[PDB]
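Counting with the entry's author numbering, you get residues 1 to 128 for the letters of the sequence shown. Structure first, commentary second.
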Amino acid sequence: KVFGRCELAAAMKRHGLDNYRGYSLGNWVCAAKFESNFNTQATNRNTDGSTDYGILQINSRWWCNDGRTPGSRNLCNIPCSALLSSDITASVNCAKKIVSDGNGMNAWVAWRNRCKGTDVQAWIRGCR
Ligand SMILES: [K+]
């Protein structure tokens with residue numbers, strides 16, 4: 001599913017991301033835009049052989065099991081395919097564990113390079 005901007009903001013807020021660990025809702029929407037273009041089905045292979053899954057491009061090296069990343073961990077204890085469903089619940093709950101691991105939203109390269117330090121509130125401007 002390809003979310004709309006305001007559709008995604010509302011679902012992220014319902015699932016507890018607004019100001020989660022201090023990051024306002026606009027940061028998560030901006031991150032999703034540049035990680036996945038709001039597409040729940042986005043997948044992207046990493047040079048080390050791991051894969052990024054879903055709306056927040058969560059990495060199988062540490063967080064989910066795809067059965068094809070040797071020597072990886074599954075810290076969210078889910079199949080990476082759960083991160084691709086139209087329901088973002090699994091992506092959000094795993095994102096919460098990622099952002100709580102010590103580096104905040106710097107875990108998402110797109111956030112550090114394209115959202116950090118910008119007017120991220122614009123991403124939720126106009127939404128109900
Ligand atoms: K932080």
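Note that CB positions come from ideal geometry on N, CA and C, so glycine has one too.
Closer than 7 angstroms: residue i CB and nearest ligand 2 heavy atom
i: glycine 126; result: Among the ligands present in this structure, namely ligand 1, ligand 2 is not found.
According to DSSP, residues forming a beta bridge with residue i
i: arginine 45; result: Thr51
i: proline 70; result: For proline 70, which the question treats as bridged, DSSP gives no partner whatsoever.
Under the three-state DSSP convention, the category residue i falls into
i: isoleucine 58; result: strand
i: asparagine 39; result: strand
i: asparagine 27; result: helix
i: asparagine 93; result: helix
i: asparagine 65; result: strand
Residue i CB to nearest heavy atom of ligand 1 below 7 angstroms
i: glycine 26; result: no
i: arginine 112; result: no
i: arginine 21; result: yes
i: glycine 49; result: no
i: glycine 104; result: yes
Same chain only: Cβ atoms within 8 angstroms of residue i, ignoring 5 sequence neighbours per side
i: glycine 16; result: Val92 and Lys96
i: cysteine 6; result: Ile124, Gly126, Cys127 and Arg128
i: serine 100; result: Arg21
i: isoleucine 58; result: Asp52, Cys64, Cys76, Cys80, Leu83, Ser91, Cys94, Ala95 and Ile98
i: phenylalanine 38; result: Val2, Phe3, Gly4, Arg5, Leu8, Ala32 and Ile55
Span of the alpha helix (DSSP H), counted from its first residue to its last, around residue i
i: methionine 12; result: 5-14
i: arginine 112; result: 109-114
Chain-order list of residues whose beta-carbon lies under 6 angstroms from that of residue i (same chain, five-residue window excluded)
i: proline 79; result: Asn65
i: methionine 12; result: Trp28
i: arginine 73; result: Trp62
i: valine 120; result: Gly26, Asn27 and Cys30
i: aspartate 18; result: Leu25
i: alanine 42; result: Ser36
Own chain residues within Cβ distance below 7 angstroms of residue i, not counting five before or after
i: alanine 82; result: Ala90
i: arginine 112; result: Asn106
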